[PDB]
Amino acid sequence: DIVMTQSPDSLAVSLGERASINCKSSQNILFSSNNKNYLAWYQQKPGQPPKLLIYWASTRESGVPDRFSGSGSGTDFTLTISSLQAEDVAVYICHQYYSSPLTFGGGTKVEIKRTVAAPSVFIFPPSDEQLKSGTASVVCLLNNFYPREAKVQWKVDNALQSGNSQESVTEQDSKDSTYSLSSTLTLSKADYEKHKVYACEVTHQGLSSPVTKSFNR
Amino acid sequence: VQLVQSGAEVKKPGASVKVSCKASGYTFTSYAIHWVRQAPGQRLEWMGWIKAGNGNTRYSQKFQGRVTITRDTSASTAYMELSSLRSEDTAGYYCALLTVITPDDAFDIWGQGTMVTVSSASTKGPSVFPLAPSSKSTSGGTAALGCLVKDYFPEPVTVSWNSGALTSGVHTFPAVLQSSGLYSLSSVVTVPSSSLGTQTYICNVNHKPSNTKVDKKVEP
Amino acid sequence: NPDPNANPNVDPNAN
């Protein structure tokens, strides 16, 4: 099998800066007869199929912006983004169609590097619809911060919590290049009523000290 | 040119699944349809192809035993069947018209893809709960609201807002597997707080495996 | 030498 190897695994540059993705073929895929390299470059945004950008290693697929271009022969190839836009944040995948089976590269993740943004923090008490069903879920939201690292802590009647919450983070927003976070504290309604004060405290580089957001049951 | 695929499914280990893929917008017999799988934290894996005219196929060794690709030219549809399902096979599956480099044109079309989860567990429709805006959820001149999609299986759920009229500021977060083996996810949006009395915000949620469709209006 | 049956959709004479 022809093995597609990409480097780096991850990259981040500033807006407008140049990004370069290397793909190396484990077997030469240039056909000396027609002088054609049998390689394609793809882009994949989250929750979407890959979209084709380059074929024959250097032919732009029609519609694709000119800031993408491909280069290389034989076993060594580069994808070039001359001026990264915030929408270009994606995984990029090289692909060979020299031989069966058709194989893909491992993918390179480009990210955007940008100025710090402290998160806006919002808290959401459980709905009364959820309560009459038996469980209580408390949701804390960390909106549009940067960089990605961000700590969330739950506090119930001022007593710190652990192992009753769960978190997830968005991919980088394609317009402002920030991230967002969602944490959920889930308890049974019976324990939910036993306590009065519910808080989430957010450590992030953009905040001089942790920001607490609380409400009374 | 469009390829629309069949809905998400859960299958018990050792059982069999068969994903459909309907083609439209061209002469179905003219092109070869490919199937590629994408498993979380794994590269794209080509599984095989089928010429939609004469139904000739070519399969990958890694799946040659258990994969079956077929087309019904009358219905302009291709099918792919994995048998002896295991846990490795929990993944997203795509039909694709990979790099059709024709003389005249060049194009590459993919279906929306279909996720198959191999598990003993059973299909459960989600509960949808609002995240209502309030004084505890306004910062600056802007308010936060969303929907809580709780206790569903398997993945995935889709969430849109106002039928897709509202996209700016929308964050649908990745699902999370709770301790009960049920999935839960949250979708939020940011809006101007000044207009909470005059604007209307409805989240539209689909769980195809359980045929759930809820539109929930979230109010102050 | 490419196998032209890797992807039947690819015409080697086409650009």
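Note on naming: letters A, B, ... go to the chains in the order of the sequence lines (proteins, then strands), and numbering restarts at 1 for each one. Hydrogens, waters and symmetry mates play no part in the numbers below; they use all other heavy atoms, side chains included.
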Item to complete: Compare every heavy atom of A:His204 with every heavy atom of A:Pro147, then report the nearest pair and how far apart it is.
Response: O-NE2, 3.0 Å
Worksheet item: Closest heavy-atom contact between B:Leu148 and B:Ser186?
Response: CD1-CB, 4.4 Å
Worksheet item: Tell me, do A:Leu84 and A:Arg67 make a side-chain contact under 4.5 Å, heavy atoms counted?
Response: no
Item to complete: Scan side-chain atoms only and decide if A:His95 and A:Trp41 contain a donor-acceptor pair under the 3.5 Å cut-off.
Response: no
Item to complete: Could you walk me through whether A:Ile2 and A:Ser25 pass the side-chain contact (heavy atoms from CB on, under 4.5 Å) test, one step at a time?
Response: CA-CA 7 Å; A:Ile2 301 196; A:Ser25 138; 4.2 Å; yes
Worksheet item: Distance-only, no hydrogens or angles: does the A:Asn164 side chain make a donor-acceptor pair with backbone N or O of A:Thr186 under 3.5 Å?
Response: no
Practice prompt. Specify whether B:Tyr31 and B:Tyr26 have parallel, tilted or perpendicular ring planes, treating 30° as the upper limit for parallel and 60° as the lower limit for perpendicular.
Written response: tilted
Discussion item. Using the rule given for side-chain contact (heavy atoms from CB on, under 4.5 Å), can you reason through B:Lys18 versus B:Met80, listing the C-alpha separation, both sets of side-chain angles and the distance that settles it, and then say yes or no?
Written reply: CA-CA 5 Å; B:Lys18 197 193 197 74; B:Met80 188 271 326; over 6 Å; no
Fill in: Donor + acceptor pair across side chains of A:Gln172, A:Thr178 (<3.5 Å)
no
Item to complete: Would you confirm whether B:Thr90, through its side chain, and B:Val118, through its main-chain N or O, come within 3.5 Å as a donor-acceptor pair?
Response: yes
Practice prompt. Verify whether one side chain among A:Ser174 and A:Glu87 offers a donor that lies under 3.5 Å from an acceptor in the other.
Written response: no
Practice prompt. Would you check if the side chain of B:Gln64 reaches a backbone N or O of B:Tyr59 as a donor-acceptor pair within less than 3.5 Å?
Written response: yes
Worksheet entry | Check: A:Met4 main-chain N/O paired with B:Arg43 side-chain donor or acceptor under 3.5 Å | yes
Fill in: Minimum heavy-atom distance B:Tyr93-B:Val116, with the two atoms named
CD1-CG2, 3.7 Å
Discussion item. Looking only at side-chain N and O atoms, does B:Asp104 offer a donor or acceptor that is under 3.5 Å from a partner on B:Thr102?
Written reply: no
Item to complete: Return the orientation label for the A:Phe145 and A:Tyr179 ring planes: parallel under 30°, perpendicular over 60°, tilted otherwise.
Response: tilted
Practice prompt. Answer yes if the side chains of B:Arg58 and A:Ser100 hold a donor-acceptor pair under 3.5 Å, and no otherwise.
Written response: yes
Worksheet entry | Reported CG-to-CG distance for the pair B:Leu185 and B:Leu177, which is rounded to 0.5 angstrom | 12.5 Å
Worksheet item: Any idea which heavy atoms bring B:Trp35 and B:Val19 closest together, and the distance?
Response: CH2-O, 3.3 Å
Worksheet item: Given side chains that start at C-beta, do those of B:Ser60 and B:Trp46 come closer than 4.5 Å, heavy atoms only?
Response: yes
Discussion item. Whether the B:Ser160 and B:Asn204 side chains hold a donor-acceptor pair (N or O, under 3.5 Å, no angle test) is what I'd like checked.
Written reply: yes
Worksheet item: In terms of side-chain geometry, is the basic nitrogen of A:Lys51 or B:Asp108 positioned less than 4.0 Å from the acidic oxygen of its partner?
Response: no
Worksheet entry | A:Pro126 backbone acceptor or donor facing A:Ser137 side chain under 3.5 Å | no
Worksheet item: Is A:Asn34 close to C:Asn13 at the side-chain level, that is, under 4.5 Å between some pair of heavy atoms?
Response: no
Worksheet item: Can you check whether A:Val169 reaches B:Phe173 side chain to side chain, under 4.5 Å on heavy atoms?
Response: no
Worksheet entry | Test item: B:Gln38 side-chain N/O and B:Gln42 main-chain N/O as donor-acceptor pair under 3.5 Å | no
Discussion item. A:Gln166 vs A:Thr184, test: side-chain hydrogen bond (donor to acceptor under 3.5 Å, both in side chains). Steps then yes/no.
Written reply: CA-CA 5 Å; A:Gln166 223 143 325; A:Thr184 300; over 6 Å; no
Worksheet item: Atom CG of B:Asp105 and atom OG of A:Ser62: how far apart are they, to the nearest 0.5 Å?
Response: 6.0 Å
Fill in: Donor-acceptor contact present, side-chain B:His207 to main-chain B:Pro209, <3.5 Å
no
Fill in: Any donor-acceptor N or O pair under 3.5 Å, side chains A:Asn143, A:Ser120
no
Fill in: side-chain contact (heavy atoms from CB on, under 4.5 Å) evaluation trace for A:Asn144 with A:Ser180
CA-CA 5 Å; A:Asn144 302 357; A:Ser180 290; 3.2 Å; yes
Fill in: Salt bridge B:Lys22-B:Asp72, side-chain N to carboxylate O under 4.0 Å
no
Worksheet item: Is a salt bridge present between B:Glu81 and B:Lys11, judged by a nitrogen-to-oxygen distance below 4.0 Å?
Response: no
Worksheet entry | Interatomic spacing from CD in A:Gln96 to OG in A:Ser26 - rounded to 0.5 Å | 8.0 Å
Item to complete: Indicate whether any N or O donor in one side chain lies under 3.5 Å from an N or O acceptor in the other, for B:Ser184 and B:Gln178.
Response: no
Worksheet item: Which pairs with one or both residues in residues 117-133 of chain B pass side-chain hydrogen bond (donor to acceptor under 3.5 Å, both in side chains), sequence neighbours excluded?
Response: none
Response to the item:
Taken to the nearest 0.5 Å, the spacing of B:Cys95 SG from B:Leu3 CG works out to 4.5 Å
Discussion item. With heavy-atom distances below 4.5 Å as the criterion, would you say the side chains of A:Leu141 and A:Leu181 are in contact?
Written reply: no
Worksheet item: Counting N and O atoms only, with roles assigned by atom type, does the side chain of A:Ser177 sit under 3.5 Å from a partner on the main chain of A:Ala86, one being a donor and the other an acceptor?
Response: no
Response to the item:
Heavy-atom closest pair (B:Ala121 atom, B:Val10 atom, distance to 0.1 Å) is O-CG2, 3.7 Å
Worksheet entry | Salt bridge present between B:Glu88 and B:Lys62 (N-O < 4.0 angstrom) | no
Discussion item. Could you check whether A:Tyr92 and A:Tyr42 have their ring centres less than 6.0 Å apart?
Written reply: no
Discussion item. Run B:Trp49 and C:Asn9 through side-chain contact (heavy atoms from CB on, under 4.5 Å) and show every step you take.
Written reply: CA-CA 10 Å; B:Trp49 60 241; C:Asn9 299 340; over 6 Å; no
Worksheet item: For the atom pair OG (B:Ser187) and NZ (B:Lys216), what is the distance rounded to the nearest 0.5 Å?
Response: 13.5 Å
Worksheet item: Taking atom types as modelled, is there a side-chain donor on A:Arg114 or A:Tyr146 under 3.5 Å from an acceptor on the other?
Response: no
Discussion item. Whether the A:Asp88 and A:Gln43 side chains hold a donor-acceptor pair (N or O, under 3.5 Å, no angle test) is what I'd like checked.
Written reply: no
Discussion item. Could you check whether any side-chain heavy atom of A:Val202 comes within less than 4.5 Å of a side-chain heavy atom of A:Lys151, counting everything from C-beta outward?
Written reply: no
Can you give me every donor-acceptor pair (side chain of residues 75-82 of chain A, partner residue at least two apart or in another chain, under 3.5 Å) with its distance?
residue, atom, partner, partner atom, Å
A:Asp76, OD1, A:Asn22, ND2, 3.0
A:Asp76, OD2, A:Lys24, NZ, 2.8
A:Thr78, OG1, A:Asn22, ND2, 3.4

Worksheet item: Taking all atoms of both residues into account, what is the closest heavy-atom pair of B:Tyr201 and B:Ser195, and its distance?
Response: OH-OG, 3.8 Å
Worksheet item: Ignoring hydrogens and geometry, is there a side-chain-to-backbone donor-acceptor pair from B:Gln2 to B:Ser24 under 3.5 Å?
Response: no
Worksheet item: Any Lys/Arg nitrogen of A:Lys109 or A:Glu171 sitting under 4.0 Å from an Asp/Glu carboxylate oxygen of the other?
Response: no
Worksheet entry | Ring centres under 6.0 angstrom apart (A:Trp56, A:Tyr97) | yes
Worksheet item: Distance only, no hydrogens: is a donor on one side chain within 3.5 Å (strictly under) of an acceptor on the other, for B:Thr212 and B:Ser210?
Response: yes
Practice prompt. Compare all side-chain heavy atoms of A:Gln27 with those of A:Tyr98 and state whether any distance is below 4.5 angstrom.
Written response: yes
Worksheet item: Just by modelled atom types, is the B:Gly92 backbone N or O under 3.5 Å from a matching donor or acceptor in the B:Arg37 side chain?
Response: no
Worksheet item: Should B:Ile33 and B:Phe28 count as side-chain neighbours, where that means a heavy-atom distance under 4.5 Å?
Response: yes
